[PDB]
Amino acid sequence: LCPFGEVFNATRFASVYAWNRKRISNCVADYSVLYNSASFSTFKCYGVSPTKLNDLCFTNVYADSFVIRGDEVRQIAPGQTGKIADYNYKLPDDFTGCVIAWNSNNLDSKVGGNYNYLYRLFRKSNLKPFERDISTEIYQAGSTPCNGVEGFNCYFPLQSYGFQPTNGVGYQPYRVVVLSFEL
Amino acid sequence: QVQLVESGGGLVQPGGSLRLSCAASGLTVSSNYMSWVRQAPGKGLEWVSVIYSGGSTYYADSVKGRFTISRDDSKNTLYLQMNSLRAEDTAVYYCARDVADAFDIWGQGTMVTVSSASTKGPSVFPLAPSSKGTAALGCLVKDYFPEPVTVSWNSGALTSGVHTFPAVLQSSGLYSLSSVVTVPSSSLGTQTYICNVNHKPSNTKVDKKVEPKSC
Amino acid sequence: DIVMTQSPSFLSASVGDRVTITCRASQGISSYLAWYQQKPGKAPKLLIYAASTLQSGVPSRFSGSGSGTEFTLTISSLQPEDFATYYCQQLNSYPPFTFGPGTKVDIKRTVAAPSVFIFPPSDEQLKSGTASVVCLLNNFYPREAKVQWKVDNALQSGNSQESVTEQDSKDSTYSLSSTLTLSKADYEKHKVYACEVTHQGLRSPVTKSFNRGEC
Ligand SMILES: *[C@@H]1O[C@H](CO)[C@@H](O[C@@H]2O[C@H](CO)[C@@H](O)[C@H](O)[C@H]2NC(C)=O)[C@H](O)[C@H]1NC(C)=O
């Protein structure tokens with residue numbers, strides 16, 4: 001059977017800037033059981049119908065996964081902009097697939113702050129769709145070169161969410177799985 | 001040095017348009033999160049608009065559809081195009097750079113006034129000392145537009161005890177302010193008191209002698 | 001939507017004092033908080049970001065603390081250049097760039113009751129169609145003061161405006177002017193015009209008045 005258990009129920013998720021991609025192929029999947037689950041706060045499909053998912057046949061299936069803030073989940077959708085969509089994980093305008101998300105405060109928040117999850121704050125240009133940038137070069141916000149040294153106008157490009165369980169929901173961590181279909 | 005220099009502020013009628021500019025030195029506008037923040041007279045700070053290095057733009061709900069932020073990388077300059085302006089848009093406008101949403105570099109501000117009023121010099125009325133040992137007298141500088149008005153007493157020789165109050169905007173769209181001075185009551189018979197009012201926008205200069213109301 | 005509040009709105013302190021301003025978030029925001037200092041007519045100045053990180057170039061007597069919903073700006077030993085308004089700001093907020101409403105820190109001094117003066121409208125202004133009655137509260141502390149206009153002992157609401165000076169450089173007091181505006185016809189319908197002032201330095205409210213048409 002298709003290995004959705006090891007994507008959705010994985011112990012640790014990736015940082016959004018270093019989002020993970022799992023290829024799903026040569027297996028049988030009951031997509032309807034996912035849709036029927038009450039655990040997901042977001043289940044939005046684009047170019048397909050969730051109910052008629054099981055009937056369909058796909059060339060290739062990709063499952064991308066990462067963690068972001070609740071207030072940023074609306075950026076994981078075609079045609080959206082924002083620090084996440086622009087500089088971390090970009091869906092194409094012609095996306096065919098589903099975006100699945102759920103609150104993971106009990107898993108990914110920690111008293112005192114969990115700082116393992118990061119996002120890219122600084123990038124000169126927007127990401128192309130399904131582009132993944134994992135560089136950690138110092139970002140040059142002025143005309144003087146940084147030469148690997150953080151300082152004025154010389155910024156480390158990644159920032160930590162630092163999730164705390166007392167956060168308001170928009171600041172809480174959400175686990176996201178993006179199913180994209182070649183179809 | 002590092003600085004943001006704003007220009008373009010001025011007077012506009014409601015419904016009108018105005019374009020602000022912010023010329024940067026010491027940072028690259030196109031590779032930064034650049035914002036406009038405004039402050040209406042006597043009020044707090046209100047963020048207006050931001051432009052990202054990658055080009056995305058966002059606006060406060062209060063200006064969406066009317067304002068557009070932009071930049072010219074060749075001139076290293078940030079712009080705010082304001083259309084269909086309203087009186088509530090009257091404010092000092094700042095441009096600013098943010099790092100992780102903290103604004104560390106700010107411009108000096110440029111003032112934007114949105115009003116249907118026309119330029120008009122003030123009427124100056126005496127605030128006459130009471131007939132009934134310190135006495136107060138003054139000048140009421142009423143119904144002028146636009147700000148500012150300057151007031152002196154006895155051509156600058158009288159400074160101690162003077163209070164010139166902030167102007168207030170009246171329901172009519174015109175400004176009014178008062179300037180008062182306290183003096184020894186014994187000096188009301190011996191010393192002349194003249195308030196000198198200057199309103200440069202209308203090229204109005206007024207000298208008003210203030211004396212006790214006769215009886 | 002998360003609401004940022006600041007307590008107290010107004011604070012009086014002396015040089016050398018320890019000052020703590022608080023900023024509150026209706027929901028948990030971890031350490032997503034910055035603090036700014038602003039002086040009148042100047043751009044804000046970034047003091048603190050990430051709740052506790054001191055901005056470079058900012059004196060060490062400024063420190064920030066807190067995480068979640070309760071945040072504090074502390075000035076360990078107040079200096080003369082610290083009298084200003086202080087704003088907190090929620091970082092990475094939705095909607096963006098939510099500011100707190102500000103805390104104004106002014107110079108503490110002993111209570112000083114105001115000197116109250118009332119001015120009738122000038123004959124010149126009455127020639128035209130309106131009457132401005134002015135009440136002056138001079139050199140008082142603290143800033144909190146109440147002015148109640150009365151016309152033949154009918155309490156007046158909606159036809160007056162106030163303005164206040166910034167606290168004086170020599171004696172740290174305030175002055176306040178209130179203006180009651182009436183049409184000439186309404187002015188002539190009544191006799192007794194009175195300004196009733198309430199202030200901490202006054203044991204009971206003080207009233208200054210005049211009778212229309214009397215020397
Ligand atoms: C991930 O784990 C959860 C918890 O074990 C699974 O949720 C239950 O799964 C069983 C099947 O083993 C169902 O009978 C229950 O109805 C599920 N409960 C809920 C609340 O959904 C979940 O199915 C697992 N997900 C995957 C993709 O394997």
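Labels below follow one simple rule: chain letters A, B, ... track the order of the sequence lines, proteins then strands, and each chain is numbered from 1. Just follow the structure's listing: the first ligand is 1, and inside any ligand the first atom is 1.
Seen from the ring of A:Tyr171, A:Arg69 counts as a face-on cation partner, given the 6.0 Å and 45° thresholds.
Annotation for A:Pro3 and A:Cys27: closest pair CD-SG, 4.0 Å, computed over non-hydrogen atoms.
Residue A:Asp133 is tested with A:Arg120, A:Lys124, A:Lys90 for a salt bridge (charged side-chain N to carboxylate O under 4.0 Å, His left out); the sole match is A:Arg120.
For the pair B:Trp47 (side chain) and B:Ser49 (backbone), a donor-acceptor distance under 3.5 Å is present.
Residues that satisfy the salt bridge (charged side-chain N to carboxylate O under 4.0 Å, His left out) test with A:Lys44, not counting sequence neighbours, are absent from this structure.
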Which is it for B:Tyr33 and A:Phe122 under the side-chain contact (heavy atoms from CB on, under 4.5 Å) test, yes or no, and what are the steps along the way? CA-CA 9 Å; B:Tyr33 293 90; A:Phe122 285 113; 3.9 Å; yes

Please tabulate, one line per pair, the protein N or O atoms found under 3.5 Å from any N or O atom of ligand 1, giving the distance to one decimal.
from, atom 1, to, atom 2, distance (Å)
ligand 1, 2 (O), A:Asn9, OD1, 3.2
ligand 1, 2 (O), A:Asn9, ND2, 2.4
ligand 1, 25 (N), A:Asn9, ND2, 3.0

